[PDB]
Structure formats: structure tokens, C-alpha cells
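Worksheet: the structure to be examined is printed underneath.
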Amino acid sequence: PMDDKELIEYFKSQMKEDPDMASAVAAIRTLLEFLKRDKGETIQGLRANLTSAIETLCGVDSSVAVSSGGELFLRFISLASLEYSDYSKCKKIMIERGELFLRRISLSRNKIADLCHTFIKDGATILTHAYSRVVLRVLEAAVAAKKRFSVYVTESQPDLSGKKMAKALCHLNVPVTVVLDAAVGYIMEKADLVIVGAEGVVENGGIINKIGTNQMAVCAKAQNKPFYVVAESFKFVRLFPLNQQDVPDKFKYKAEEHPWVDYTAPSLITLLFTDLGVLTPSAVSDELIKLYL
Amino acid sequence: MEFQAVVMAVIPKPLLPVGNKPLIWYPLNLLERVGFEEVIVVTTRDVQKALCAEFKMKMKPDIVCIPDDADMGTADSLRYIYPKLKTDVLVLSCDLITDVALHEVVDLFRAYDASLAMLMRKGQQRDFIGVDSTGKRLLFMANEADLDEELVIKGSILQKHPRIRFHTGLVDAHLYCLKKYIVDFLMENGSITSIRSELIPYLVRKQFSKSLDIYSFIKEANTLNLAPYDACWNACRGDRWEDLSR
Amino acid sequence: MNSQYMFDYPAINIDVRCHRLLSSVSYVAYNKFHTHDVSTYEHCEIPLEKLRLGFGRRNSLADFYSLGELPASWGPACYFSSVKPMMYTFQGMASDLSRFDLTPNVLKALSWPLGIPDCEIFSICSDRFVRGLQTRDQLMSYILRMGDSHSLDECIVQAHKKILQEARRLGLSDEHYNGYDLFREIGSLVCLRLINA
Amino acid sequence: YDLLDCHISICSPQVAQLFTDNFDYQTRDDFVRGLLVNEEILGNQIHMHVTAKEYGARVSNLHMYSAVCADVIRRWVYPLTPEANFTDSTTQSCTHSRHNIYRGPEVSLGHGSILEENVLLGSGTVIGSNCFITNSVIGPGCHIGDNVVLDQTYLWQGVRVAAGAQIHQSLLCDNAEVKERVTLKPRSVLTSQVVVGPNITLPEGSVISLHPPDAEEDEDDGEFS
Amino acid sequence: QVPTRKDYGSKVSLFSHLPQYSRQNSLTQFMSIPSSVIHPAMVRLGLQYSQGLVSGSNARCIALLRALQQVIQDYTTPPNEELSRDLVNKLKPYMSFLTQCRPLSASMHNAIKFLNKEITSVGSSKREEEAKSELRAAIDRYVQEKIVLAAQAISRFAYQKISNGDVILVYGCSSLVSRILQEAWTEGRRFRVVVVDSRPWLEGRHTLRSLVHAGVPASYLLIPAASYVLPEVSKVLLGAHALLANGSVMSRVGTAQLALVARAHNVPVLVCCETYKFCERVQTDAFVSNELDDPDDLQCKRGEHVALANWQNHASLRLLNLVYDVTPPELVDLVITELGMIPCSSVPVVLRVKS
């Protein structure tokens with residue numbers, strides 16, 4: 001069994017060896033590998049060990065996606081334990097189901113890109129917040145379809161990931177522009193639609209994202225511009241922030257008051273683009289309900 | 001069945017021409033004008049245990065008369081007739097002529113789930129009846145016979161109900177709606193002899209020790225009757241106007 | 001909300017005739033989400049009906065239940081324990097006495113905790129006792145008999161309080177008893193008071 | 001039984017005539033009882049009036065004092081409110097705020113102190129830091145230390161309270177003084193010019209003054225003896 | 001046959017399709033004293049509905065289910081007849097009479113539907129006493145798992161939304177809100193509650209007294225002054241008489257007004273409701289479906305005169321007291337059910353998974 005050093009080292013190595021890998025995917029793979037090497041025979045003990053490893057996996061890379069992946073993994077093992085009832089029989093089936101689950105979630109970026117690239121028109125002006133690989137893949141798919149468009153991206157001041165995405169997008173010969181986080185209200189009137197990533201989809205259909213997303217959502221609503229969000233299926237989490245203060249503090253801080261995360265209400269979101277398809281925000285809760293019945 | 005009708009009757013008292021009809025006819029007519037397909041009648045037997053013979057000449061649909069012994073009281077009659085009692089009882093008296101809508105009483109028995117409902121006539125020895133502000137629930141019942149010198153009220157009664165309205169001229173019509181467990185308690189205790197004289201005051205006193213409630217309907221503009229000869233003459237005078245619509 | 005899922009529910013049967021010699025906890029198949037949070041100790045599931053789920057890796061379980069809380073999972077069976085394990089290196093006498101049966105001063109020595117002499121604790125601490133799935137009922141029945149309450153979490157809290165009280169009564173530097181393994185602590189205490197008298 | 005006696009009567013000169021006829025009468029209750037029992041001769045009946053939307057009550061003891069003070073602060077005797085200044089004077093002017101907080105001129109509240117509700121502060125009062133005053137009336141010119149707690153207490157003119165005091169449901173008369181770290185249990189009374197020494201917890205019925213016999217405990221610059 | 005209750009007074013033109021009765025006039029004036037057409041339990045329940053002795057939605061549903069259990073206990077199947085549909089045919093006039101006494105609520109409608117489905121499901125081979133016992137046990141289990149356990153789950157769920165030192169605004173009287181607040185105070189949370197009331201029922205005094213007896217600090221004011229206290233209010237916790245398939249919340253008259261004013265002040269809105277009050281029907285306003293109470297309840301004595309004393313003498317004067325109103329789904333943030341905390345737009349989803 002892993003001893004809090006093999007687990008963290010495995011997580012960091014998984015992230016480092018594949019820099020194009022989501023944090024939640026790396027966490028799920030680490031949990032599956034931990035389940036492979038257990039050397040114990042009890043479903044209760046396995047659940048306890050997994051849920052205890054969740055905290056030490058969330059100690060580093062405290063993003064919401066890791067917690068969502070851990071909750072999804074716990075629900076997965078509970079679902080398997082319902083069906084079989086012998087830890088010995090259930091172990092192999094959980095291992096194989098985790099293998100298929102990893103293979104399925106590895107294609108989420110491609111599915112989202114294929115489903116979403118049709119919403120970008122010729123001559124459109126996309127507005128993006130920060131660096132996200134899903135939006136990058138969507139724009140790559142749009143370019144592969146011979147569409148021509150412009151892109152504005154904010155600098156994301158706390159860590160200049162906006163410039164990183166601008167570089168990664170100029171690498172594809174896409175005409176892009178970099179704007180300040182305070183220039184969003186100046187730029188919204190030029191853009192035709194807004195595409196942002198998500199670090200987690202909350203129960204009501206809102207999103208949890210980098211600190212500058214709420215301003216862009218509010219400005220787009222004021223200017224009546226569509227606001228599209230791309231997020232993977234494993235980012236669904238049963239949390240309901242009543243407001244900005246209500247989101248748990250373990251997601252705001254640790255990568256005078258510099259939160260790293262804010263919450264966007266579902267009323268400001270037009271459509272969610274997931275590997276499950278194109279959804280209204282109200283759909284998300286439905287899915288997140290069907291999992292827990 | 002919701003109610004069982006019991007008529008008290010213990011020339012005799014029940015046979016008394018009032019508008020060419022006997023005294024006992026009016027309560028029976030009142031009962032059978034509002035449902036009451038069947039009625040239990042207790043027959044007096046002090047003069048003779050054969051009054052049911054000429055009772056059976058009445059034109060009412062169903063009559064169940066039973067002879068009695070030489071002497072017996074109202075509660076004693078009730079504990080005699082228990083074996084045929086199955087639900088809430090509606091105890092009446094033969095000497096009662098009135099035109100009140102009976103629902104006005106039984107509604108108080110229905111809506112509030114009362115343990116006792118009674119009827120009284122407004123004015124027109126004494127009995128002191130204290131009711132609440134709404135004039136429906138009665139909180140105090142007394143007579144000067146057992147009232148030594150002064151009317152006495154418990155502090156907690158006024159604590160719960162800080163306004164008590166007192167009446168002295170009220171006339172008891174002896175029309176009672178009673179729960180079954182009241183009869184059962186009467187069965188467990190043979191001390192009580194008369195309903196109006198001992199049972200009802202006991203129930204009123206037991207209101208303020210799952211709990212029991214007692215309600216009274218005080219009618220203000222209608223008819224009432226009693227045993228007295230002057231009351232008999234008044235009933236004879238009023239029946240001519242009363243019997244026109246009945 | 002995954003914290004409320006259970007696999008087996010402990011039904012509690014308390015005997016008024018003999019709360020110590022009788023009364024038992026029986027585990028039944030319960031594969032559904034519970035109404036309350038769940039704690040896991042030695043593969044045993046405790047419904048946190050009277051207590052609340054806690055987080056962190058602080059030692060001294062006394063500080064978990066001093067706040068009205070209880071950890072999600074702790075003990076030797078947990079790979080990542082939240083009690084900062086310690087050994088209580090005195091169970092050699094417990095292993096030696098495990099082969100001893102019930103048959104003066106030793107009688108009152110074994111009287112604690114139940115008030116009646118018993119050798120069940122040595123069977124608990126015996127080396128040939130794997131803390132598997134088949135032993136949950138027996139360990140939980142021992143815990144339930146020990147305490148005086150209808151709630152299993154309150155039974156755990158009362159058990160640890162009794163252990164701490166006896167440790168301070170005999171003067172064993174109570175810091176060396178954090179409730180990491182209640183049965184190891186109680187076996188050490190019973191054997192030590194047997195040796196003393 | 002639901003009638004509160006406001007002790008207000010509309011009388012006739014016949015009332016004074018009856019009082020001087022029966023020279024032994026001493027109270028209004030005596031007059032009412034003697035008149036109601038003597039009804040067969042000199043009828044002289046008494047009537048009554050009931051009010052429902054108006055307020056009236058007389059202060060007879062400390063219980064009535066506290067109840068009426070709470071009612072007055074909570075505007076139950078409108079328009080006779082503290083901010084109305086119905087006795088026009090420069091000293092007794094104040095402003096009304098949320099949760100029935102009445103603040104006079106130059107109150108100078110400290111940092112971190114919280115006024116919960118139903119608090120009246122007199123002119124020239126000084127409040128320390130991290131205080132907690134609730135449901136209390138504080139007279140003008142009072143001086144209050146730091147980290148104090150006042151709950152349903154009344155302080156008259158010149159009251160000085162040291163830091164760390166805990167005062168609940170007690171009355172402090174003119175120029176009373178409380179030393180460091182003193183706790184006053186409910187139903188406590190400190191009369192004028194009374195000091196209480198440090199490190200003492202007065203019981204739940206303490207009444208102390210400078211007059212030995214009438215006071216339950218003779219008071220001085222000390223707490224015990 | 002049961003006579004038709006007569007409308008009292010003149011109705012508003014926009015509400016001409018709704019009945020409007022008087023509290024003093026009852027149907028039992030034209031009914032036999034020993035109840036024959038309808039069961040005595042049903043006539044008692046109708047009298048205590050019309051007079052207002054049972055008001056709460058949960059209380060009304062519980063009373064109706066107890067009366068139905070009493071009816072089922074005394075039911076005797078006729079010869080050459082089957083219980084499954086004879087019992088439903090017998091129950092239909094009882095429902096009509098109860099609707100005559102006072103219009104049914106959503107909880108009563110759902111209970112009636114559930115009981116009809118249960119009765120229809122009774123097999124023909126079942127023997128009478130076993131069928132009656134099964135129906136009584138089903139009614140008891142429904143009451144338990146749809147009121148008591150649901151309230152416990154909702155109270156547990158709402159404990160996480162209540163923090164220390166926050167202000168909660170409640171409206172009217174509802175057992176669920178009072179239970180949630182009392183349990184939250186018992187667990188250790190410290191907070192204030194603001195009670196908002198409205199004429200003529202003035203039923204906020206019930207929850208005010210409950211909170212005072214529980215020890216929770218409380219404030220009291222009428223609905224028009226609500227816009228004065230919302231600046232200091234942190235959350236608005238409401239109870240719902242029904243959740244509609246479009247997410248709209250049907251409740252007491254001032255609920256949607258309070259939601260709108262709270263939205264104007266940027267205050268989150270939570271609505272607590274049990275999943276058995278969810279309705280498949282939809283309505284976009286309070287006009288198409290509502291209940292008209294006794295207009296004479298609007299009369300109040302201000303000073304020494306009642307301005308609306310002889311209001312029927314004026315030919316062109318009408319009185320209007322609604323009982324319910326509809327809150328649009330965009331004014332509600334949470335719906336707290338025994339299933340958890342859900343968005344206001346997930347009402348049909350629950351309706352899909354409960355059938």
C-alpha cells in the first residue's frame with residue numbers, strides 16, 4: 001500500500017510526464033493505481049483508505065477538479081459494491097471498470113471540441129478568460145474546419161496564464177489579442193461570444209472558475225452576448241454556493257485578499273459543452289441527481 | 001352511527017294534551033325531522049309498568065320503549081339502558097317543546113370534538129353559568145343550594161380565560177350530546193344519580209385538573225318548555241303558533 | 001454526500017437484565033445511503049447520529065470528541081490514520097493470558113470494566129485474532145456492553161473516557177493513550193493492573 | 001382578570017366629601033371597598049373605562065421600574081420617547097437609530113464595542129473598547145472601562161465602572177463605583193456614593209448603601225466588612 | 001344529495017370563476033344530524049376545515065388521512081361488489097363535500113391520488129379485513145415517510161446553510177421552517193430570526209411564539225415594512241404550499257412579494273418543501289387558480305369605527321382577500337427537500353424519479 005510518499009510522488013509524476021493532462025484525470029489515475037496495490041480484503045477498509053487518501057491528494061493541487069474526481073471515484077466504488085458483494089469478486093470488476101473509465105475520460109476533450117466547434121462562425125470574435133486546454137482544443141478543431149476568427153484573452157494577473165494561452169494560440173497562426181483584466185468591459189462590445197473553461201460545475205448549473213470569470217459573465221449578460229462554458233463530465237460536484245462568500249475556503253486559496261476561484265450563477269450561462277453533449281445548466285443537476293439514486 | 005337518541009320519560013306526565021297532541025310527541029317529532037330513523041325511549045313505571053302499551057299508538061316510524069322499575073333516576077336509567085348503547089348519545093327529555101335547529105348544538109359537538117354539548121334558553125333556585133368570551137364554551141356551573149355563602153372561582157381558570165360572562169336566568173333544556181367514555185365513566189362510578197344535577201357540574205369542574213371540553217348553545221329568541229303547570233299553560237298557548245309550521 | 005453511504009448497519013439489542021453480560025450489536029446488510037455520516041473503525045461502521053464527522057490528522061482522539069466530533073476513519077486498519085499511532089508495547093502479557101481461561105485478587109482485577117470478571121479482552125488481544133469482517137459484531141458488542149448508552153458513537157466516547165480515567169487513576173502518563181486502538185490500551189491496562197495486584 | 005390598573009381616576013368633589021366623611025379612609029382601594037359594600041344606603045356607584053391602544057402604568061417597585069423602563073425604551077409609550085425630548089433640555093437630547101439605539105451628544109464609543117439593542121446613552125458618557133452593552137440605560141456623565149458586559153442594567157448619573165466588569169439585571173444609583181474585575185449577579189442594587197472592591201461576586205439579592213440598618217449590607221470602599 | 005354551498009357577496013370581475021363562501025354559513029344546516037349520506041368523520045373534518053380550525057397544509061393532509069383511515073375502518077363492502085372500485089366510488093362524494101367546505105390544497109390532492117392508487121392496487125383475492133389493515137398501514141407509512149422523516153432530512157440539510165451570527169427572515173406560519181430553526185438552534189448555531197406577518201390571518205404570531213419558547217431571539221413586523229429590514233437580513237427562508245412543474249412556488253399571498261423585495265436587496269432565497277407537495281400542474285399567475293377567503297375578514301376596527309362594516313351596501317365596492325400566490329422560478333435560489341438541496345428548476349426531475 002502507498003504510504004503518503006508514493007501517492008504524492010505518483011501524482012506529481014503523472015502530472016509532469018504528461019503536461020497536457022488535467023489534474024482531475026491525474027488524481028483519478030493515482031487513485032486507481034492505489035486501488036490496484038491495496039493488499040487488504042474489506043470493502044469498508046478500502047473505502048476508508050480511499051477517502052483518507054482523498055485529503056492527502058487534495059493537500060497538493062487543491063483545485064475543485066481533484067475533489068470532484070475523488071467524489072466520483074467514491075461513488076463508482078460504492079456502485080460496484082452494490083452489485084457484487086464479495087470483495088474478492090468485486091476487486092477485478094472495479095479494476096476493469098476503472099480502466100474503461102480512464103479510457104472514456106481521456107476522450108472528453110475531443111468530444112467537447114467536436115461538439116462545440118460548430119458554434120464558431122466565420123469572422124467571429126471569441127473572448128476567453130485564462131489558459132484552459134479544453135478551449136485550446138476547441139479552437140484547434142475550429143481552425144481545422146477552415147473557419148477564420150479572432151480571439152481576445154485576458155492576462156489573468158495573479159499568474160499570467162493568459163499570455164501562455166496567447167502564445168499557444170499564436171503557435172496555431174490564430175490572430176489573438178491580450179487585454180488587461182480591467183479591460184473586459186471595454187472589449188465585450190467587440191466580441192461576439194464568450195468561451196471559458198471551468199474548474200467544476202456546481203449543482204444548480206453554475207460554474208467554479210478563475211477569479212475573473214464572474215465579471216465577464218455579468219458584462220456579457222449586460223451586453224446580451226452568449227456565454228458558453230466548456231467542461232468535462234468528471235467536474236460535476238454536489239456543491240451549491242449561495243454567493244461568492246459561500247464557496248468553501250479550501251478552493252479559494254493556496255493556488256491582502258487574493259482568492260483564486262469565483263462562482264458564476266447558472267442564470268448568466270447560456271450552454272454547457274461537455275462530453276455528455278450540449279446541455280442547459282438545469283440539465284447538470286439532473287445528471288448529478290441520477291448518480292445518487 | 002354518529003348519534004343514538006335516548007328519550008327520558010320517568011294522566012301521566014308524558015301524556016299531556018298540548019295542542020291536541022301529547023307532550024312526548026314534540027321531542028320525537030323533533031328527532032325524526034332531522035334523521036334519526038330509530039330512537040330509544042325509556043318508559044316510566046311508577047304509576048304502572050304498562051305505559052309503553054299506549055306509547056305504541058304513536059305514528060312515528062321506529063320506537064323502542066322499555067318498561068322500568070318503581071323508582072329510578074336519569075343517570076340510573078342510562079346505566080340501565082347501557083347494553084344497547086354503542087356510540088355517542090343524544091339524551092333528551094319528554095317535557096321539552098322547542099323549534100331550535102338541532103345542528104346549532106351538534107356542530108359544537110362536531111367542530112370542537114367536545115366531550116359534552118348542551119342547550120340553554122336565554123332568560124324569559126337560580127343557576128349560575130359562566131361562559132368564555134366567545135359565548136360557546138362554559139367554564140363555570142353552580143347552584144346556590146351547594147353554594148354556601150359566595151361564588152368561588154379558581155385562580156387558574158381566570159389565568160387561562162381572563163374574561164368570564166355570567167348568566168343566572170338561563171333555562172336548562174336537558175338536551176345533551178355526550179361521548180361514549182362519559183357513559184363509561186358513569187358506569188365505573190355509581191354515585192352519580194342525575195345527569196343535570198351531578199354529572200354535568202362534575203364534568204365542568206374536571207375541565208381544569210387528554211383533556212375534555214364542554215360547550216353550550218344559548219338560544220335567545222325561541223321556545224322552551226318544562227314540567228310546571230304555569231309552564232304547561234304557556235306551552236299550550238305557544239303550541240298553536242308553533243304547530244302551524246310543524 | 002458520499003460520506004453517508006453504508007454497507008452494513010449495526011442493529012443494537014440492549015438487555016436490561018444484564019447490560020454487561022448480555023446485549024449485542026449485529027451487523028445486517030444495508031447497502032444504501034444513511035441519514036447520518038459514518039465513521040469506520042476496524043472495519044466497523046458507526047452511524048454518527050449523535051456526533052459529527054471530523055477532518056484532520058491530529059492525534060489524541062480526546063480532542064476529536066471534545067468538540068463533539070469523531071473522525072471518518074482511524075486505527076491500525078486505516079492506512080492513513082488520524083490519531084498519530086503509538087504502540088502501547090505491553091500486549092505480551094495479553095498474548096500470554098489469552099490461553100488462560102476464566103477459571104481472589106485476580107477476580108476483582110478482571111472485574112473491570114464490566115464490573116464482572118471476564119477473559120474476553122485477552123481473546124480480543126490474542127495474536128491469532130485477525131481483525132477481519134467476521135469480528136465486527138463481537139468487538140462492537142464488547143464496546144456496547146462497556147458503555148451505558150443507546151448510541152454507538154457515545155459508547156466509543158464513554159469507553160475512551162473510562163480508559164483515560166483508569167489510566168490517570170493508575171498513573172500511566174495519559175498522553176501515552178490517545179485512543180488509536182482502544183482494545184490495545186484496555187488490554188495493557190488490564191494486564192498492568194493484574195501485575196500490580 | 002385581564003385589567004391592568006393604571007391608577008388613574010376621574011373623580012367628583014363627592015369623592016373628597018366621602019373621604020372627609022369617613023376620616024379613617026387612607027387609600028383608594030379602601031374607598032372603593034367601603035363604597036361597594038355600603039350600597040343599600042348612599043348608592044354612589046363607581047364606573048370604569050377600558051383602553052386598548054393606549055399605555056398606562058405606575059412605578060411601584062423595582063420590578064415595575066424595570067418593566068416600564070423597558071417599555072419606554074422600546075417606544076411603547078409613544079410619543080413619550082427618549083428622542084422626543086418632551087421635557088425640553090439641552091442635556092436630554094438624543095438621536096434614534098436602528099434596533100432602538102438612542103445616542104446622546106459626545107458619547108465617544110470605543111473601538112470594537114457593540115451596542116446590541118434597546119440602549120440609551122446619556123450626554124458626556126464614555127465607553128471603552130470591546131464592550132458589550134445590551135438592553136441597558138446609561139445616565140449622562142458615566143465612565144465605562146474596557147471589556148465590560150452590561151445586560152439589562154441601569155446606570156444613573158456619575159456611575160464609574162472599571163474594566164472587565166460583568167453586570168446583569170442590576171441597578172446602580174448616582175455616582176456608584178465598581179472596581180476591577182467585579183461581577184454583579186441579577187437583582188443587585190448599589191445606592192448613591194457606593195463603591196465595591198475588587199475580586200468579589202455579589203449574590204443574586206445584594207442591596208448595599210451607606211446607611212447600615214436599612215441596607216442589607218452596609219457599603220463602603222470595600223466589598224467584605 | 002349534498003346541497004351546493006352558496007356564494008357570499010359580490011366577487012371581483014377577474015375572479016368570477018372562483019367560489020367565495022362565508023365562514024358563518026355552513027352546509028350542515030341542510031344535512032341530517034346523524035350523518036347518512038357522508039361519513040360522520042368526513043362531516044366533522046369538513047366543519048373544522050370551513051371554520052378554520054385546521055390551517056396548515058401538513059396539518060390538513062394529516063387530518064384528512066386520519067379521517068380517511070377512520071372511514072376505511074368502518075367500510076363494509078356490499079354483496080356482489082369489489083372493494084377496489086366500490087371504495088373509490090364511495091370516497092368520491094366525500095371529496096366533493098370536502099371541496100365544498102373548503103378548496104383542497106396540493107398536499108390533500110397528492111394524498112387523495114396516492115390513496116386512490118393504493119386502493120386500485122388492492123387485489124380481488126384479498127380478504128376484507130386484510131385489505132383494510134393493509135390500507136391503514138399504507139396510510140400510516142405514507143404519513144411517516146412523507147412528513148416526519150422528510151422534515152428530519154430537510155432540517156439536517158438546512159443546518160449547513162445556517163451559520164453563526166446571520167439573520168434569517170421567515171414569513172407566515174409553517175411547521176417545517178419552525179422545526180428547522182429550532183433544531184438549528186439546538187445543535188449549537190447562534191443567529192437571529194425576523195418574523196414577517198400579514199393581515200388578516202396574522203399567523204406569524206404562531207411561529208413567533210414557537211421561537212420565543214425555543215429561546216431563539218426574534219423580531220416581529222408586518223409585511224409592508226419588510227423592505228426596511230432586508231438590509232440587515234442575510235437569508236430569506238420560506239415555506240411552500242406546493243412546487244409546480246415549471247418551478248413556480250405556490251404559497252401564502254406575500255411570499256412572491258417577499259422574494260422580489262429580497263432579490264432587490266441581494267439576499268439569497270431558500271424554500272423548504274417536501275417532495276410529496278410537488279405538483280404536475282403549472283400556472284403562471286395567481287388568477288387562473290386560487291382561493292377566495294371570507295371578505296368580511298378584511299374589516300378592521302381603527303379608532304372607533306369600522307370603515308368596511310356595511311361594505312355590501314355600496315353597489316360598486318368589492319372586497320378581495322387571496323389565499324395563495326405564485327413565485328416565478330427566477331426569484332428562488334434553493335429548494336431544500338429530503339433529496340437534498342436542488343435548484344428551483346429541478347422540480348420536474350424529482351417528479352420523474354418519484355413515479
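Lettering and numbering for the C-alpha cells are positional, with chains as A, B, ... in the shown order, residues counted from 1 in each chain, and ligands counted from 1 in the shown order.
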
task: Define the interface residues of chain C facing chain E as those within 12 Å, counting only C-alpha atoms, and report them as a list in words.
output: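 So the contacting residues turn out to be residues 1, 33, 34, 35, 36, 37, 49, 50, 51, 52, 67 and 68 of chain C.
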
task: Would you kindly return, as a list in words, each protein, DNA or RNA residue with an atom no farther than 7 Å from any atom of residue E:124, considering only C-alpha atoms and excluding same-chain residues fewer than 2 positions away?
output: residues 82, 122 and 126 of chain E

statement: Using only C-alpha atoms, the shortest atom-to-atom distance to residue E:244 among E:7, E:203, E:274, E:280 belongs to E:280

query: Could you pull out all residues of stretch 169-285 of chain E with a DSSP call of helix (DSSP H, G or I) and give them as a ChimeraX atom specification?
result: /E:175-187,204-214,223-232,255-264,275-277

message: List the spatial neighbours of stretch 237-249 of chain A as a PyMOL selection string - criterion: any atom at most 7 Å away, only C-alpha atoms, same-chain residues fewer than 6 positions off excluded.
response: (chain A and resi 68+200-204+262-263) or (chain E and resi 268)

For the residues in that selection, give me C-alpha atoms as a PDB file, in the first residue's frame.
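Here's the written file part01.pdb:
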ATOM      1  CA  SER A  68     -14.845  16.211  -7.814  1.00  0.00           C
ATOM      2  CA  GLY A 200     -16.003  22.470 -11.528  1.00  0.00           C
ATOM      3  CA  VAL A 201     -19.750  22.522 -12.208  1.00  0.00           C
ATOM      4  CA  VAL A 202     -21.901  23.093  -9.118  1.00  0.00           C
ATOM      5  CA  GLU A 203     -25.354  21.611  -8.508  1.00  0.00           C
ATOM      6  CA  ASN A 204     -27.515  24.445  -9.845  1.00  0.00           C
ATOM      7  CA  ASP A 262     -15.094  32.517  -8.011  1.00  0.00           C
ATOM      8  CA  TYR A 263     -18.590  31.209  -8.719  1.00  0.00           C
TER       9      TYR A 263
ATOM     10  CA  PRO E 268     -30.418  34.647  -1.028  1.00  0.00           C
TER      11      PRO E 268
END

- prompt: Please, which residues of chain B lie no more than 9 Å from chain E when the count uses only C-alpha atoms, and can they be set out as a ChimeraX atom specification?
  reply: /B:1-4,33-36,101-104,106-107,110-113

Atoms kept (N, CA, C and O atoms) for selection, written as a tab-separated table (two decimals), in the first residue's frame:
chain	number	residue	atom	x	y	z
B	1	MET	N	-72.78	4.55	13.47
B	1	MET	CA	-73.74	5.64	13.53
B	1	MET	C	-73.19	6.78	14.39
B	1	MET	O	-72.54	6.54	15.40
B	2	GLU	N	-73.46	8.02	13.97
B	2	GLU	CA	-72.91	9.17	14.68
B	2	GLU	C	-73.56	9.34	16.05
B	2	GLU	O	-72.87	9.55	17.06
B	3	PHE	N	-74.88	9.27	16.11
B	3	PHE	CA	-75.62	9.54	17.34
B	3	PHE	C	-76.66	8.46	17.59
B	3	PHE	O	-77.19	7.85	16.66
B	4	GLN	N	-76.95	8.24	18.87
B	4	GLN	CA	-78.07	7.41	19.31
B	4	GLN	C	-78.99	8.26	20.17
B	4	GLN	O	-78.53	8.92	21.11
B	33	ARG	N	-87.59	14.72	12.52
B	33	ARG	CA	-87.46	15.69	11.45
B	33	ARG	C	-86.01	15.83	10.98
B	33	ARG	O	-85.78	16.22	9.83
B	34	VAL	N	-85.04	15.52	11.83
B	34	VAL	CA	-83.64	15.51	11.42
B	34	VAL	C	-83.07	14.11	11.56
B	34	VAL	O	-82.54	13.73	12.61
B	35	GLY	N	-83.16	13.33	10.48
B	35	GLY	CA	-82.66	11.96	10.51
B	35	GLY	C	-83.32	11.15	11.60
B	35	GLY	O	-84.53	11.19	11.81
B	36	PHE	N	-82.49	10.39	12.33
B	36	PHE	CA	-82.90	9.62	13.50
B	36	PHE	C	-84.02	8.63	13.14
B	36	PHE	O	-85.16	8.74	13.58
B	101	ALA	N	-82.97	24.80	15.62
B	101	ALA	CA	-82.26	23.94	14.68
B	101	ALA	C	-81.24	23.11	15.45
B	101	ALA	O	-80.31	23.67	16.05
B	102	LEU	N	-81.41	21.79	15.45
B	102	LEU	CA	-80.58	20.93	16.28
B	102	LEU	C	-79.11	21.01	15.90
B	102	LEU	O	-78.23	20.82	16.75
B	103	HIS	N	-78.82	21.32	14.63
B	103	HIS	CA	-77.42	21.37	14.19
B	103	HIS	C	-76.64	22.39	15.00
B	103	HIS	O	-75.48	22.14	15.37
B	104	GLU	N	-77.27	23.52	15.35
B	104	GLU	CA	-76.61	24.56	16.14
B	104	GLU	C	-76.00	24.00	17.41
B	104	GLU	O	-75.06	24.59	17.96
B	106	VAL	N	-75.20	20.34	17.70
B	106	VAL	CA	-74.29	19.25	17.37
B	106	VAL	C	-73.08	19.75	16.61
B	106	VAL	O	-72.04	19.08	16.60
B	107	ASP	N	-73.17	20.91	15.96
B	107	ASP	CA	-71.99	21.50	15.34
B	107	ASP	C	-70.92	21.78	16.38
B	107	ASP	O	-69.74	21.47	16.17
B	110	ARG	N	-69.39	18.67	16.95
B	110	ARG	CA	-68.60	18.14	15.84
B	110	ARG	C	-67.30	18.91	15.66
B	110	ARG	O	-66.21	18.33	15.68
B	111	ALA	N	-67.39	20.23	15.48
B	111	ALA	CA	-66.22	21.02	15.11
B	111	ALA	C	-65.14	20.97	16.19
B	111	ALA	O	-63.96	20.80	15.88
B	112	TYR	N	-65.53	21.10	17.46
B	112	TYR	CA	-64.57	21.19	18.54
B	112	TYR	C	-64.27	19.85	19.21
B	112	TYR	O	-63.50	19.82	20.16
B	113	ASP	N	-64.86	18.76	18.72
B	113	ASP	CA	-64.67	17.43	19.30
B	113	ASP	C	-64.98	17.44	20.79
B	113	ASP	O	-64.24	16.88	21.61

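In chain D, the set of residues within 9 Å of chain B (atoms considered: only C-alpha atoms) is residues 1, 2 and 3 of chain D.
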
- prompt: Taking into account only C-alpha atoms, which residue in the set C:28, C:121, C:156, C:44 is nearest to chain A?
  reply: C:44

If we count only C-alpha atoms, what is near stretch 180-191 of chain D at a cut-off of 10 Å, once residues fewer than 6 positions away on the same chain are taken out, given as a short mmCIF file (atom, residue, chain, number, x, y, z; two decimals) with C-alpha atoms, in the first residue's frame?
data_model
loop_
_atom_site.label_atom_id
_atom_site.label_comp_id
_atom_site.auth_asym_id
_atom_site.auth_seq_id
_atom_site.Cartn_x
_atom_site.Cartn_y
_atom_site.Cartn_z
CA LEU D 62 -38.06 47.76 41.13
CA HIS D 63 -39.93 45.15 39.07
CA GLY D 145 -13.90 50.68 31.17
CA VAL D 148 -17.22 45.17 30.17
CA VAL D 149 -20.57 43.41 29.79
CA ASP D 151 -27.14 43.23 30.36
CA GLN D 152 -30.48 44.74 31.43
CA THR D 153 -28.70 47.13 33.80
CA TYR D 154 -29.43 50.73 34.74
CA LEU D 155 -26.72 53.30 35.50
CA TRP D 156 -27.60 56.74 36.83
CA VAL D 161 -17.25 51.12 36.04
CA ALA D 162 -13.79 49.58 35.83
CA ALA D 163 -12.58 47.27 33.08
CA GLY D 164 -13.67 43.64 32.99
CA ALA D 165 -16.88 44.05 34.97
CA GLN D 166 -19.89 41.80 34.38
CA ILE D 167 -23.21 43.47 35.25
CA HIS D 168 -26.56 41.73 34.76
CA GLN D 169 -30.06 42.84 35.77
CA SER D 170 -28.82 45.27 38.42
CA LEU D 171 -29.37 48.93 39.30
CA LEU D 172 -26.56 51.41 40.00
CA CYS D 173 -27.59 54.71 41.57
CA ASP D 174 -25.89 58.10 41.37
CA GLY D 197 -13.97 46.46 45.95
CA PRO D 198 -12.14 44.20 43.51
CA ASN D 199 -12.38 40.40 43.39
CA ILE D 200 -15.90 39.85 44.70
CA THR D 201 -19.08 38.28 43.29
CA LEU D 202 -22.11 39.85 44.96
CA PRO D 203 -25.01 37.38 45.40
CA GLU D 204 -28.29 37.49 43.47
CA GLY D 205 -30.01 39.75 46.02
CA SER D 206 -27.32 42.20 47.09
CA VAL D 207 -28.63 45.60 48.21
CA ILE D 208 -25.93 47.83 49.71
CA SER D 209 -25.88 51.51 50.67
CA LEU D 210 -24.12 53.92 53.00
CA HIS D 211 -26.89 53.53 55.60
CA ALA D 215 -29.34 48.31 53.62
CA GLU D 219 -21.41 49.65 51.99
CA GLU D 223 -16.71 44.63 49.50
#

- prompt: Near stretch 119-133 of chain A, counting only C-alpha atoms, which residues have an atom at most 6 Å away, once you skip same-chain residues fewer than 4 positions from it, shown as a list in words?
  reply: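 What passes the distance filter is residues 147, 148, 149, 150, 151, 152, 153, 154, 156, 161, 162, 165, 191, 192, 193, 194, 195, 196 and 197 of chain A.
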